[PDB]
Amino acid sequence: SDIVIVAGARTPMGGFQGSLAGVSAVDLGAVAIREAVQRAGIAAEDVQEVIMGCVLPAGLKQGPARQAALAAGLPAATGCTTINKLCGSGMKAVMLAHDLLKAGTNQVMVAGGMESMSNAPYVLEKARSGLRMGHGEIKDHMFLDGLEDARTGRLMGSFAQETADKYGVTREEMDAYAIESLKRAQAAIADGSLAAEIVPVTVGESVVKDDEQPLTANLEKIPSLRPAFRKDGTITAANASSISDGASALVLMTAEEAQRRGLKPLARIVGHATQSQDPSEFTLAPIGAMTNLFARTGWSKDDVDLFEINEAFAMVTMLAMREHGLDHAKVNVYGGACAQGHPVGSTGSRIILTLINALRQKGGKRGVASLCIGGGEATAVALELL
C-alpha cells in the first residue's frame, strides 16, 4: 500500500542547441531509464510498466516512451505509455505510476519524462491539402503545441508578466531571486552535490556530466537584459527558465515489493495533489496545488524540511513562498530552472530526484515538490526519506 521510490537518475540539462542537441529526447530518456533501473538493484526484465512524460512528440517517431524503454534495454514485455500534462508531465508520470501501484495493477514501474526542445521540428498546417496560391505559415512545434496558450496564442511568458504586475513583483526582485538560484546551481555543480542525481551522457565523442547553463551564464549582464515577453516588461530570459534538453526517471514499487526484494528505498510518497484553474493563472496554481497536498496529507508548512517549487519563472517560486510564508533557505537549495533551464516533459520528475538528493545531503526527512503547468494547473508530491 505504501508506495516507495527505489532509485532514479536525470541527465544533465542542456542549453538550447547546446551540449545535448546531438541527442534525441528518446535517447536522453533511454539513458535515465537504464541508469534508474541499474541504481534500483533490479534486472531490466522486472519493470512491468513504463510511463514517460513528453510535451513535444512530433518527429520523435512511433511511441516515444516505447522507443526510450527498449533502448534503455527494457524487454518488449515491458508495456509503455507516453503522457503530456505539459510542464507537469514528469510529475504526472510519477503520480500515475503511484495510483497504478496502489490499484495493484503492477509492483515495479518506471515513471519520468524527457524533452529535447532543441530537436522539435517545424510543422506545415496546409502542406497536405495544398497552399494553392499566396504565402503561408511554417509553425514552431515547441511554441504552437508547447509554450503558447491555444485560445489566445500568447506565450506563457506574457501571462506570467500580467501576474507579476498584479502582485507588485519587481524587475530587481526577480533578478535577485534568479542571481541567487544561479549561485546555488554553480555551488552545487562545483562541490559535486548534483553527481548523485546525475547520469552522464556521451555524445567526434564527448561526455556531458554537468548542467551546461549555470557554467556559461554571466550574472553581470542580468540587470540589463531586454524584457522577453512584453515591451517595457520586467520578465527576461534570465528571470524566466530557458529552453532546455534533459530526461529524468524513477523506479517506484509497493513497500512490500521493495522489502520482498531486500531493497532499502530512498523515500516513501506520502501523497500527491493537483490544482486546475484558468490558464491565465497557471503561475499561481502551485499555491493551490500545495494547499490541497497539506489538507490531504495532514502536513502543514511547519512539517516540511525542503521544497522543490520549479522556477518556470522566478516569479512562480517567489509568489508560492510569499503566499505560503516559506524561507528561500528551504526552497530550491541547489538552484533550479532559471539557472539550469526547463525541459518541460522532464522537470516534473527531475525536481523529485533533486528534492530527495538534498534531503539526503542536507539532513532533512520531509519534502514537497511542486510545479505550475501551462493551461492553468500544478501538481505537488509529499515525500519522506526512510
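Note that residue numbering begins at 1 and tracks the sequence as displayed.
S.K.: What is the count, as a class, of unmodelled deposited residues between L124 and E125: none, 1 to 3, 4 to 9, or 10 or more?
M.R.: Gap between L124 and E125: none.
S.K.: Taking the recorded C-alpha temperature factors, which stretch has the higher mean, 48-56 or 326-334?
M.R.: Comparing 48-56 with 326-334, the higher mean C-alpha B-factor belongs to 326-334.
S.K.: Pick between 227-235 and 94-102: the one whose mean CA B-factor in the entry is higher.
M.R.: If you average the C-alpha B-factors of 227-235 and of 94-102, the larger mean comes out for 227-235.
S.K.: Reading the B-factor column of the entry, which of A273, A314, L250, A185 has the highest value at its C-alpha atom?
M.R.: Each of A273, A314, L250, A185 was compared by C-alpha B-factor; the highest is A185.
S.K.: Of the options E148, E115, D302, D140, which has the highest CA B factor as deposited?
M.R.: Across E148, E115, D302, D140, the entry lists the biggest C-alpha B-factor for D302.
S.K.: Where does the C-alpha B-factor of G15 rank in its chain, lowest, middle or highest third?
M.R.: It belongs to the lowest third of the chain when residues are ordered by C-alpha B-factor.
S.K.: Against its chain's modelled residues, does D191's Cα B factor rank lowest, middle or highest third?
M.R.: Top third by C-alpha B-factor.
S.K.: Would you please rank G204 by its C-alpha temperature factor against the other modelled residues of its chain and give the third it falls in: lowest, middle or highest?
M.R.: Its C-alpha B-factor belongs to the highest third of this chain's values.
S.K.: Sorting by Cα B-factor within the chain, modelled residues only, which third would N292 end up in: lowest, middle or highest?
M.R.: Middle third by C-alpha B-factor.
S.K.: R260's Cα B-factor: lowest, middle or highest third of the chain?
M.R.: For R260, whose C-alpha B-factor we compare with every modelled residue in the chain, the answer is the highest third.
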